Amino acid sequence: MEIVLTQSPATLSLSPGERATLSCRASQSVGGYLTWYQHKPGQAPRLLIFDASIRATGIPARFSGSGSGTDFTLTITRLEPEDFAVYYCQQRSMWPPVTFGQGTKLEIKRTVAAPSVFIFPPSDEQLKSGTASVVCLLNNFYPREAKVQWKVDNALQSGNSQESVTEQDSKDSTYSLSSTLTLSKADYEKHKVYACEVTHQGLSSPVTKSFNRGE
């Protein structure tokens, strides 16, 4: 009908020098018409392996493709930093539509590093506009999974904040996170204690950074 491709795992976290093993499952035989692409952020996707097992031009030997029918494997033996990207499988056996896998992300495994946490209050300059933004910053941590809980006069906030995470650091392999809680000026001036509570593997217990409005 259209071949659904399934990739596993969704995220793969390894260390440079290790062997990576990636899989792509078709819903129905694609025979040997299976291609693998490498994709880096904001770079053009690149052909690696075609027909399940053929190395394209320029592609180094550490990249290996194997499989037949419905189960396929992409192997990379001595992982280097530039092999950390997103890998997609693709099928050309039964088309249209050409179909792709959802992608497997290969990420750098690093030792656990706990975040530095900072809280920033809204600027007066922002207050005159009738809105208040409070920022909580999480610097240089690993792993990526982090949790930020906003607390205003001990009331847990939900749905009034947004989060963004950085791409894995090219030198450090760590992540950083910015979280913004926004409130009306009126609500902000009506409350007193503002808190950012952080949970992470590298911390024995949750870190809370807070300020009291006025001060």
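So that there is no doubt, residue numbering starts at 1 and follows the sequence shown.
Mean C-alpha B-factor is higher over 27 to 35 than over the other stretch, the pair under comparison being 27 to 35 and 158 to 166. The mean C-alpha temperature factor is higher for 70 to 78 when 70 to 78 and 134 to 142 are set side by side. In this PDB entry, residue 199 carries a Cα temperature factor that places it within the lowest third of its chain's modelled residues. Among all modelled residues in its chain, residue 189 ranks in the highest third by Cα B-factor. Annotation for residue 100: CA B-factor lies in the middle third of the chain's modelled residues. When the modelled residues of the chain are ordered by C-alpha B-factor, residue 94 sits in the highest third. In this PDB entry, residue 179 carries a Cα temperature factor that places it within the middle third of its chain's modelled residues.
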